[PDB]
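**Student:** First the structure, which I've put down as structure tokens, then a few questions once you've had a look.
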Amino acid sequence: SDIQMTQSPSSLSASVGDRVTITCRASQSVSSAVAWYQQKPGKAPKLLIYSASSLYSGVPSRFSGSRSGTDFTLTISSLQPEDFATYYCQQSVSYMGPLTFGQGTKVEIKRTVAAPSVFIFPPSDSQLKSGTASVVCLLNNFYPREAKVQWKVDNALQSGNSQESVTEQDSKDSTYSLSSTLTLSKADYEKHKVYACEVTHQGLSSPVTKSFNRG
Amino acid sequence: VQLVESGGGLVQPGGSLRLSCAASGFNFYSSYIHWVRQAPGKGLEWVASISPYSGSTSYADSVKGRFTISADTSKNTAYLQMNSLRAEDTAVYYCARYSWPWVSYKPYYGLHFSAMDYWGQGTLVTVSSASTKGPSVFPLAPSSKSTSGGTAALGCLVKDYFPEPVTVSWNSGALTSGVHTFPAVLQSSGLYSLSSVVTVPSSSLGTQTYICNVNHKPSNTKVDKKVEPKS
């Protein structure tokens, strides 16, 4: 007798000022026992709407909820940059019974294209004592999230020895930043001179390369 | 109103942990207290509920028989005793509440339902046989070529630690402009790494000092690393 909450879409990208509608279908009647939460990465969810359509105190009036039978909707009438989040529906129709959540909808703020600023960092002498060298390339404050980082060592393309991390979308300017870390042994690091990261991004007229010479 | 979770940490598979949820600022006796967890990268999953006034409890099938939820109204505190832990129990555990009543009826109209208005910040439970390892902190030194008045970047690389989490601040929290602390990545080695960077005026280099403050509570580690231009 599990109640499934089927939330759609799982992800969407929309512009500031757009109307956004998220839907949640319950697999059986949940009466009006549906709440909607907003969660920023790494933070507790925050209540937006309770009992299907009541706006929780302090929540902006651009958020609203509706029920039609077993179909529930959360609408954001005019999306704002701070509305980037994952949104979840949750039912509580069974008293002291199972509470079930939708799978979440990740809302990204679409904005105009912005090219990254690029920086490269050599490994520290402190790290080299340990036998490994990390070389880091930073792509700062860009949109959209898609980017290509290609590492070159003495103009030879690298593959398989790098890992990327991307920040969550900025709540104010809606941009991303990205790090790429190239990991090599100290011995291999000392066999080569020119370390370069080449960045391709749609906001750039052509790829941007930053480099250093070991030493 | 506040809820504060405690007790999370690293625990071996098959082991046990007791989480606590300390409540303040509301009628704990009348509320309903819930534990809701979030596995890394995954959604919210309800675990258990209790009504402190009566002692009644409820559990998700995934945890029945292994977890016990309880409450002490004398101390306004709820607890989750987790036994026979599995890797699938690794998650951030939140405590949250309903105000009484769970559901009310308006005659000749409908039902009206409570929701989770207050949540704690969450406590991380990591179920693993791997051992705790403290981070090594390395400078990401600003370039010499940040010339004549543009923008420079500098940072700290926080490498090879376990379990999560690490937190990073700059100048003990006084510097937030332009700071980006990246999500940790799991390396193939099984250890985590992350970087934190900040952009500053190129003119500020050489006259300003920048300290990255790294905290890895699982290893009781606090490192304050000064990040300088390399001479």
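The chains in the structure tokens are called A, B, ... from first to last as shown; in each chain the residues are counted from 1, and the ligands are counted from 1 in the order shown.
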At a cut-off of 8 Å, list the chain B residues touching chain A, using only C-alpha atoms, as a PDB file with N, CA, C and O atoms, in the first residue's frame.

**Tutor:**
```pdb
ATOM      1  N   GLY B  43      17.279  11.940  -3.601  1.00  0.00           N
ATOM      2  CA  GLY B  43      16.139  12.654  -3.090  1.00  0.00           C
ATOM      3  C   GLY B  43      15.940  12.429  -1.608  1.00  0.00           C
ATOM      4  O   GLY B  43      16.752  11.814  -0.920  1.00  0.00           O
ATOM      5  N   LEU B  44      14.837  12.964  -1.115  1.00  0.00           N
ATOM      6  CA  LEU B  44      14.457  12.869   0.283  1.00  0.00           C
ATOM      7  C   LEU B  44      13.686  11.575   0.508  1.00  0.00           C
ATOM      8  O   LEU B  44      12.863  11.180  -0.329  1.00  0.00           O
ATOM      9  N   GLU B  45      13.995  10.897   1.612  1.00  0.00           N
ATOM     10  CA  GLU B  45      13.348   9.642   1.974  1.00  0.00           C
ATOM     11  C   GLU B  45      12.976   9.687   3.448  1.00  0.00           C
ATOM     12  O   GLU B  45      13.852   9.819   4.305  1.00  0.00           O
ATOM     13  N   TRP B  46      11.691   9.554   3.746  1.00  0.00           N
ATOM     14  CA  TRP B  46      11.254   9.461   5.134  1.00  0.00           C
ATOM     15  C   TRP B  46      11.719   8.152   5.756  1.00  0.00           C
ATOM     16  O   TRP B  46      11.670   7.096   5.123  1.00  0.00           O
ATOM     17  N   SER B  49       8.761   8.269  12.180  1.00  0.00           N
ATOM     18  CA  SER B  49       8.056   9.322  12.890  1.00  0.00           C
ATOM     19  C   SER B  49       7.699   8.865  14.300  1.00  0.00           C
ATOM     20  O   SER B  49       7.537   7.668  14.577  1.00  0.00           O
ATOM     21  N   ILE B  50       7.522   9.851  15.177  1.00  0.00           N
ATOM     22  CA  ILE B  50       7.062   9.624  16.545  1.00  0.00           C
ATOM     23  C   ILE B  50       6.135  10.759  16.972  1.00  0.00           C
ATOM     24  O   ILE B  50       6.341  11.924  16.602  1.00  0.00           O
ATOM     25  N   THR B  57       4.938   5.235  17.217  1.00  0.00           N
ATOM     26  CA  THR B  57       6.006   5.311  16.236  1.00  0.00           C
ATOM     27  C   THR B  57       5.579   4.706  14.900  1.00  0.00           C
ATOM     28  O   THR B  57       4.617   3.939  14.796  1.00  0.00           O
ATOM     29  N   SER B  58       6.332   5.064  13.864  1.00  0.00           N
ATOM     30  CA  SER B  58       6.126   4.492  12.542  1.00  0.00           C
ATOM     31  C   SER B  58       7.457   4.498  11.810  1.00  0.00           C
ATOM     32  O   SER B  58       8.312   5.348  12.079  1.00  0.00           O
ATOM     33  N   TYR B  59       7.620   3.549  10.877  1.00  0.00           N
ATOM     34  CA  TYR B  59       8.896   3.339  10.212  1.00  0.00           C
ATOM     35  C   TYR B  59       8.733   2.995   8.741  1.00  0.00           C
ATOM     36  O   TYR B  59       7.787   2.310   8.341  1.00  0.00           O
ATOM     37  N   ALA B  60       9.714   3.414   7.950  1.00  0.00           N
ATOM     38  CA  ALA B  60       9.810   2.934   6.581  1.00  0.00           C
ATOM     39  C   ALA B  60      10.209   1.459   6.563  1.00  0.00           C
ATOM     40  O   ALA B  60      10.953   0.981   7.426  1.00  0.00           O
ATOM     41  N   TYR B  94      18.025  14.405   8.577  1.00  0.00           N
ATOM     42  CA  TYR B  94      17.350  15.583   9.082  1.00  0.00           C
ATOM     43  C   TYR B  94      16.267  15.168  10.065  1.00  0.00           C
ATOM     44  O   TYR B  94      15.560  14.174   9.860  1.00  0.00           O
ATOM     45  N   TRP B 102      -1.913  16.790  13.163  1.00  0.00           N
ATOM     46  CA  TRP B 102      -1.514  16.276  11.850  1.00  0.00           C
ATOM     47  C   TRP B 102      -2.567  16.588  10.808  1.00  0.00           C
ATOM     48  O   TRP B 102      -2.258  17.106   9.728  1.00  0.00           O
ATOM     49  N   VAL B 103      -3.821  16.297  11.127  1.00  0.00           N
ATOM     50  CA  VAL B 103      -4.926  16.620  10.245  1.00  0.00           C
ATOM     51  C   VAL B 103      -6.097  17.113  11.076  1.00  0.00           C
ATOM     52  O   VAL B 103      -6.382  16.588  12.162  1.00  0.00           O
ATOM     53  N   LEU B 111     -10.569  18.390   4.876  1.00  0.00           N
ATOM     54  CA  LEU B 111      -9.445  18.171   5.761  1.00  0.00           C
ATOM     55  C   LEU B 111      -8.361  19.208   5.490  1.00  0.00           C
ATOM     56  O   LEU B 111      -8.251  19.767   4.391  1.00  0.00           O
ATOM     57  N   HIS B 112      -7.534  19.423   6.513  1.00  0.00           N
ATOM     58  CA  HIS B 112      -6.433  20.372   6.484  1.00  0.00           C
ATOM     59  C   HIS B 112      -5.224  19.741   7.158  1.00  0.00           C
ATOM     60  O   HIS B 112      -5.325  19.249   8.283  1.00  0.00           O
ATOM     61  N   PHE B 113      -4.106  19.707   6.449  1.00  0.00           N
ATOM     62  CA  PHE B 113      -2.931  18.951   6.843  1.00  0.00           C
ATOM     63  C   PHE B 113      -1.737  19.812   7.236  1.00  0.00           C
ATOM     64  O   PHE B 113      -1.442  20.831   6.611  1.00  0.00           O
ATOM     65  N   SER B 114      -1.027  19.356   8.259  1.00  0.00           N
ATOM     66  CA  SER B 114       0.221  19.970   8.671  1.00  0.00           C
ATOM     67  C   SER B 114       1.337  19.625   7.675  1.00  0.00           C
ATOM     68  O   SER B 114       1.208  18.729   6.841  1.00  0.00           O
ATOM     69  N   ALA B 115       2.444  20.363   7.752  1.00  0.00           N
ATOM     70  CA  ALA B 115       3.622  20.089   6.937  1.00  0.00           C
ATOM     71  C   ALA B 115       4.866  20.339   7.779  1.00  0.00           C
ATOM     72  O   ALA B 115       4.797  20.881   8.886  1.00  0.00           O
ATOM     73  N   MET B 116       6.021  19.969   7.234  1.00  0.00           N
ATOM     74  CA  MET B 116       7.284  20.132   7.954  1.00  0.00           C
ATOM     75  C   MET B 116       7.784  21.569   7.823  1.00  0.00           C
ATOM     76  O   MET B 116       8.494  21.928   6.871  1.00  0.00           O
ATOM     77  N   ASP B 117       7.414  22.408   8.805  1.00  0.00           N
ATOM     78  CA  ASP B 117       7.780  23.819   8.765  1.00  0.00           C
ATOM     79  C   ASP B 117       9.182  24.075   9.305  1.00  0.00           C
ATOM     80  O   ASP B 117       9.875  24.975   8.811  1.00  0.00           O
ATOM     81  N   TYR B 118       9.635  23.283  10.276  1.00  0.00           N
ATOM     82  CA  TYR B 118      10.963  23.409  10.853  1.00  0.00           C
ATOM     83  C   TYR B 118      11.753  22.135  10.610  1.00  0.00           C
ATOM     84  O   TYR B 118      11.237  21.021  10.793  1.00  0.00           O
ATOM     85  N   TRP B 119      12.990  22.315  10.164  1.00  0.00           N
ATOM     86  CA  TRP B 119      13.945  21.254   9.902  1.00  0.00           C
ATOM     87  C   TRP B 119      15.256  21.608  10.585  1.00  0.00           C
ATOM     88  O   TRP B 119      15.611  22.784  10.701  1.00  0.00           O
ATOM     89  N   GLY B 120      16.008  20.589  10.987  1.00  0.00           N
ATOM     90  CA  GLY B 120      17.380  20.798  11.383  1.00  0.00           C
ATOM     91  C   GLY B 120      18.293  20.949  10.186  1.00  0.00           C
ATOM     92  O   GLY B 120      17.890  20.848   9.032  1.00  0.00           O
ATOM     93  N   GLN B 121      19.569  21.168  10.484  1.00  0.00           N
ATOM     94  CA  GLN B 121      20.574  21.329   9.445  1.00  0.00           C
ATOM     95  C   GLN B 121      21.079  20.006   8.891  1.00  0.00           C
ATOM     96  O   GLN B 121      21.772  20.003   7.865  1.00  0.00           O
ATOM     97  N   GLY B 122      20.805  18.906   9.570  1.00  0.00           N
ATOM     98  CA  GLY B 122      21.200  17.591   9.093  1.00  0.00           C
ATOM     99  C   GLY B 122      22.523  17.148   9.686  1.00  0.00           C
ATOM    100  O   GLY B 122      23.407  17.950   9.987  1.00  0.00           O
ATOM    101  N   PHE B 138      47.182  22.513   0.168  1.00  0.00           N
ATOM    102  CA  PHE B 138      48.233  23.062  -0.665  1.00  0.00           C
ATOM    103  C   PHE B 138      47.793  24.383  -1.275  1.00  0.00           C
ATOM    104  O   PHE B 138      46.620  24.566  -1.610  1.00  0.00           O
ATOM    105  N   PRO B 139      48.709  25.322  -1.454  1.00  0.00           N
ATOM    106  CA  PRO B 139      48.327  26.592  -2.066  1.00  0.00           C
ATOM    107  C   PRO B 139      48.115  26.468  -3.566  1.00  0.00           C
ATOM    108  O   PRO B 139      48.819  25.740  -4.271  1.00  0.00           O
ATOM    109  N   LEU B 140      47.154  27.247  -4.052  1.00  0.00           N
ATOM    110  CA  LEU B 140      46.986  27.557  -5.472  1.00  0.00           C
ATOM    111  C   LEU B 140      47.463  29.010  -5.597  1.00  0.00           C
ATOM    112  O   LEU B 140      46.717  29.950  -5.326  1.00  0.00           O
ATOM    113  N   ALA B 141      48.740  29.176  -5.952  1.00  0.00           N
ATOM    114  CA  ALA B 141      49.397  30.470  -5.798  1.00  0.00           C
ATOM    115  C   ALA B 141      49.014  31.405  -6.939  1.00  0.00           C
ATOM    116  O   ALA B 141      48.897  30.963  -8.082  1.00  0.00           O
ATOM    117  N   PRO B 142      48.837  32.699  -6.661  1.00  0.00           N
ATOM    118  CA  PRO B 142      48.483  33.635  -7.734  1.00  0.00           C
ATOM    119  C   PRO B 142      49.627  33.827  -8.716  1.00  0.00           C
ATOM    120  O   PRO B 142      50.806  33.837  -8.348  1.00  0.00           O
ATOM    121  N   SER B 143      49.267  34.001  -9.982  1.00  0.00           N
ATOM    122  CA  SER B 143      50.267  34.127 -11.032  1.00  0.00           C
ATOM    123  C   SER B 143      51.044  35.436 -10.919  1.00  0.00           C
ATOM    124  O   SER B 143      50.521  36.460 -10.472  1.00  0.00           O
ATOM    125  N   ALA B 153      43.556  35.309  -9.358  1.00  0.00           N
ATOM    126  CA  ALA B 153      42.885  34.238  -8.645  1.00  0.00           C
ATOM    127  C   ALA B 153      43.910  33.516  -7.791  1.00  0.00           C
ATOM    128  O   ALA B 153      45.072  33.373  -8.179  1.00  0.00           O
ATOM    129  N   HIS B 180      34.701  30.805  -4.409  1.00  0.00           N
ATOM    130  CA  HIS B 180      34.036  29.604  -4.896  1.00  0.00           C
ATOM    131  C   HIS B 180      34.687  28.385  -4.266  1.00  0.00           C
ATOM    132  O   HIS B 180      35.850  28.085  -4.548  1.00  0.00           O
ATOM    133  N   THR B 181      33.928  27.664  -3.457  1.00  0.00           N
ATOM    134  CA  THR B 181      34.387  26.411  -2.876  1.00  0.00           C
ATOM    135  C   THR B 181      33.682  25.277  -3.603  1.00  0.00           C
ATOM    136  O   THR B 181      32.456  25.161  -3.536  1.00  0.00           O
ATOM    137  N   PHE B 182      34.450  24.463  -4.298  1.00  0.00           N
ATOM    138  CA  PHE B 182      33.878  23.484  -5.200  1.00  0.00           C
ATOM    139  C   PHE B 182      33.362  22.281  -4.433  1.00  0.00           C
ATOM    140  O   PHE B 182      33.908  21.922  -3.380  1.00  0.00           O
ATOM    141  N   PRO B 183      32.334  21.623  -4.954  1.00  0.00           N
ATOM    142  CA  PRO B 183      31.938  20.347  -4.367  1.00  0.00           C
ATOM    143  C   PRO B 183      33.102  19.366  -4.387  1.00  0.00           C
ATOM    144  O   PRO B 183      33.909  19.336  -5.324  1.00  0.00           O
ATOM    145  N   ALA B 184      33.180  18.558  -3.340  1.00  0.00           N
ATOM    146  CA  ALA B 184      34.219  17.546  -3.275  1.00  0.00           C
ATOM    147  C   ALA B 184      34.023  16.528  -4.391  1.00  0.00           C
ATOM    148  O   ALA B 184      32.899  16.250  -4.821  1.00  0.00           O
ATOM    149  N   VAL B 185      35.137  15.970  -4.865  1.00  0.00           N
ATOM    150  CA  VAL B 185      35.121  14.879  -5.829  1.00  0.00           C
ATOM    151  C   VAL B 185      35.715  13.645  -5.166  1.00  0.00           C
ATOM    152  O   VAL B 185      36.691  13.731  -4.411  1.00  0.00           O
ATOM    153  N   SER B 195      38.743  21.937  -4.052  1.00  0.00           N
ATOM    154  CA  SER B 195      39.471  23.192  -4.114  1.00  0.00           C
ATOM    155  C   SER B 195      38.533  24.331  -3.735  1.00  0.00           C
ATOM    156  O   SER B 195      37.312  24.251  -3.923  1.00  0.00           O
TER     157      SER B 195
END
```

**Student:** Looking only at strand (DSSP E) from DSSP on the backbone, list the matching residues of stretch 15-60 of chain B as a list in words.

**Tutor:**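 Of stretch 15-60 of chain B, the ones in strand (DSSP E) are residues 17, 18, 19, 20, 21, 22, 23, 24, 32, 33, 34, 35, 36, 37, 38, 44, 45, 46, 47, 48, 49, 50, 51, 56, 57, 58 and 59 of chain B.
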
**Student:** Using N, CA, C and O atoms, can you export the residues from the last selection as a short mmCIF file (atom, residue, chain, number, x, y, z; two decimals), in the first residue's frame?

**Tutor:**
```
data_model
loop_
_atom_site.label_atom_id
_atom_site.label_comp_id
_atom_site.auth_asym_id
_atom_site.auth_seq_id
_atom_site.Cartn_x
_atom_site.Cartn_y
_atom_site.Cartn_z
N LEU B 17 24.59 3.56 15.64
CA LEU B 17 24.79 4.96 15.95
C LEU B 17 23.48 5.48 16.51
O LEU B 17 22.41 5.07 16.07
N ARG B 18 23.58 6.42 17.44
CA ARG B 18 22.40 7.05 18.01
C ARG B 18 22.43 8.51 17.60
O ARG B 18 23.37 9.23 17.94
N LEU B 19 21.41 8.93 16.87
CA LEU B 19 21.27 10.33 16.51
C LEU B 19 20.33 10.99 17.51
O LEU B 19 19.40 10.35 18.02
N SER B 20 20.57 12.27 17.76
CA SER B 20 19.75 13.08 18.64
C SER B 20 19.25 14.30 17.88
O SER B 20 19.93 14.80 16.98
N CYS B 21 18.07 14.76 18.26
CA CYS B 21 17.41 15.92 17.67
C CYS B 21 16.92 16.75 18.85
O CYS B 21 15.93 16.38 19.50
N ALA B 22 17.62 17.84 19.15
CA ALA B 22 17.27 18.70 20.27
C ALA B 22 16.36 19.81 19.77
O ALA B 22 16.71 20.53 18.82
N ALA B 23 15.20 19.94 20.40
CA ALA B 23 14.17 20.88 19.98
C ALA B 23 14.10 22.06 20.93
O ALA B 23 14.30 21.91 22.14
N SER B 24 13.81 23.23 20.38
CA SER B 24 13.63 24.44 21.17
C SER B 24 12.59 25.31 20.50
O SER B 24 12.44 25.29 19.28
N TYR B 32 4.64 16.23 16.08
CA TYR B 32 5.10 14.99 15.48
C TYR B 32 6.53 15.23 15.01
O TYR B 32 6.81 16.26 14.39
N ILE B 33 7.44 14.32 15.32
CA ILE B 33 8.85 14.47 14.97
C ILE B 33 9.18 13.41 13.94
O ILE B 33 8.85 12.23 14.12
N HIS B 34 9.83 13.82 12.84
CA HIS B 34 10.15 12.94 11.74
C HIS B 34 11.65 12.96 11.48
O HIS B 34 12.31 13.99 11.65
N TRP B 35 12.17 11.80 11.07
CA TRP B 35 13.51 11.69 10.51
C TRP B 35 13.35 11.43 9.01
O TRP B 35 12.61 10.51 8.61
N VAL B 36 14.05 12.26 8.22
CA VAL B 36 14.07 12.23 6.77
C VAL B 36 15.52 12.26 6.34
O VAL B 36 16.29 13.10 6.83
N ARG B 37 15.92 11.37 5.44
CA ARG B 37 17.31 11.30 5.04
C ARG B 37 17.48 11.56 3.55
O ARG B 37 16.53 11.46 2.76
N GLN B 38 18.71 11.90 3.19
CA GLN B 38 19.06 12.19 1.81
C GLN B 38 20.42 11.58 1.53
O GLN B 38 21.45 12.06 2.02
N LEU B 44 14.84 12.96 -1.12
CA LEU B 44 14.46 12.87 0.28
C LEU B 44 13.69 11.57 0.51
O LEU B 44 12.86 11.18 -0.33
N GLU B 45 14.00 10.90 1.61
CA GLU B 45 13.35 9.64 1.97
C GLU B 45 12.98 9.69 3.45
O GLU B 45 13.85 9.82 4.30
N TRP B 46 11.69 9.55 3.75
CA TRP B 46 11.25 9.46 5.13
C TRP B 46 11.72 8.15 5.76
O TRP B 46 11.67 7.10 5.12
N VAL B 47 12.16 8.23 7.02
CA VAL B 47 12.69 7.10 7.77
C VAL B 47 11.75 6.69 8.90
O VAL B 47 11.48 5.50 9.09
N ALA B 48 11.32 7.65 9.72
CA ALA B 48 10.55 7.28 10.91
C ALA B 48 9.85 8.51 11.45
O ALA B 48 10.30 9.64 11.24
N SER B 49 8.76 8.27 12.18
CA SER B 49 8.06 9.32 12.89
C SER B 49 7.70 8.86 14.30
O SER B 49 7.54 7.67 14.58
N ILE B 50 7.52 9.85 15.18
CA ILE B 50 7.06 9.62 16.55
C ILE B 50 6.14 10.76 16.97
O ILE B 50 6.34 11.92 16.60
N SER B 51 5.11 10.41 17.77
CA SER B 51 4.30 11.42 18.45
C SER B 51 4.74 11.42 19.91
O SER B 51 4.35 10.51 20.67
N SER B 56 3.76 6.76 20.25
CA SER B 56 3.54 5.97 19.05
C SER B 56 4.59 6.27 17.99
O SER B 56 5.04 7.40 17.84
N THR B 57 4.94 5.24 17.22
CA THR B 57 6.01 5.31 16.24
C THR B 57 5.58 4.71 14.90
O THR B 57 4.62 3.94 14.80
N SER B 58 6.33 5.06 13.86
CA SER B 58 6.13 4.49 12.54
C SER B 58 7.46 4.50 11.81
O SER B 58 8.31 5.35 12.08
N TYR B 59 7.62 3.55 10.88
CA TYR B 59 8.90 3.34 10.21
C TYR B 59 8.73 2.99 8.74
O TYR B 59 7.79 2.31 8.34
#
```

**Student:** Between B:125, B:222, B:13, B:27, single out the one closest to residue B:93, counting only C-alpha atoms.

**Tutor:**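 The closest residue to residue B:93 is B:125.
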
**Student:** Mind the document's chain letters and residue numbers, and return as a list in words the residues of stretch 32-191 of chain A that DSSP labels alpha helix (DSSP H).

**Tutor:**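 Output for stretch 32-191 of chain A, alpha helix (DSSP H) only: residues 125, 126, 127, 128, 186, 187, 188, 189 and 190 of chain A.
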
**Student:** Convert the current residue selection to file output with C-alpha atoms, as a compact mmCIF listing (two decimals), in the first residue's frame.

**Tutor:**
```txt
# COMPACT_ATOMS: atom_id res chain seq x y z
CA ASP A 125 56.56 22.25 -3.59
CA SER A 126 54.84 21.01 -0.44
CA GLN A 127 52.76 18.56 -2.47
CA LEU A 128 55.73 17.34 -4.49
CA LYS A 186 56.17 13.90 -9.56
CA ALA A 187 58.59 11.99 -11.78
CA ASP A 188 56.37 12.40 -14.84
CA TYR A 189 55.79 16.05 -13.91
CA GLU A 190 59.55 16.64 -13.90
```

**Student:** One decimal, in Å: what's the spacing between atom CA of residue A:156 and atom CA of residue A:132?

**Tutor:**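 If I compute the distance from atom CA of residue A:156 to atom CA of residue A:132, I get 19.6 Å.
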
**Student:** Kindly indicate which residue among B:30, B:209, B:73, B:176 lies nearest to residue B:197, using only C-alpha atoms for the distances.

**Tutor:**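 With only C-alpha atoms as the atom set, the closest residue is B:176.
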
**Student:** Which one of B:74, B:196, B:16, B:90 sits closest to residue B:168 if you count only C-alpha atoms?

**Tutor:** B:196

**Student:** Figure out the distance between atom CA of residue B:15 and atom CA of residue B:64, please, to one decimal in Å.

**Tutor:**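 Taking atom CA of residue B:64 and atom CA of residue B:15, their separation equals 16.0 Å.
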
**Student:** Go through A:106, A:75, A:1, A:61 and flag the residue nearest residue B:41, using only C-alpha atoms for the distances.

**Tutor:**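 Among the listed residues, A:106 lies closest to residue B:41.
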
**Student:** Find the spatial neighbours of residue B:132, counting only C-alpha atoms, within a cut-off of 9 Å - ignore same-chain residues fewer than 4 positions away - and output them as number ranges by chain.

**Tutor:** B: 10, 161-163, 218-219

**Student:** Limited to N, CA and C atoms, could you put the picked residues into a file as a PDB file, in the first residue's frame?

**Tutor:**
```pdb
ATOM      1  N   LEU B  10      31.258   8.502  11.032  1.00  0.00           N
ATOM      2  CA  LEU B  10      31.641   7.296  10.318  1.00  0.00           C
ATOM      3  C   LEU B  10      31.398   6.095  11.219  1.00  0.00           C
ATOM      4  N   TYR B 161      41.240  13.197   1.740  1.00  0.00           N
ATOM      5  CA  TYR B 161      40.616  13.045   3.042  1.00  0.00           C
ATOM      6  C   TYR B 161      39.430  12.091   2.983  1.00  0.00           C
ATOM      7  N   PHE B 162      39.043  11.598   4.164  1.00  0.00           N
ATOM      8  CA  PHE B 162      37.893  10.710   4.290  1.00  0.00           C
ATOM      9  C   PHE B 162      37.479  10.694   5.752  1.00  0.00           C
ATOM     10  N   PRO B 163      36.181  10.649   6.082  1.00  0.00           N
ATOM     11  CA  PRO B 163      35.030  10.760   5.184  1.00  0.00           C
ATOM     12  C   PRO B 163      34.758  12.247   4.920  1.00  0.00           C
ATOM     13  N   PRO B 218      35.831  15.230  11.084  1.00  0.00           N
ATOM     14  CA  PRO B 218      36.031  13.789  11.321  1.00  0.00           C
ATOM     15  C   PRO B 218      37.441  13.420  11.778  1.00  0.00           C
ATOM     16  N   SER B 219      38.474  14.181  11.401  1.00  0.00           N
ATOM     17  CA  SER B 219      39.837  13.941  11.862  1.00  0.00           C
ATOM     18  C   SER B 219      40.296  14.974  12.892  1.00  0.00           C
TER      19      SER B 219
END
```

**Student:** Give me the residues near stretch 149-152 of chain B as number ranges by chain, where near means some atom within 7 Å (using only C-alpha atoms) and where sequence neighbours in that chain fewer than 3 positions away do not count.

**Tutor:** B: 142, 146, 199-203
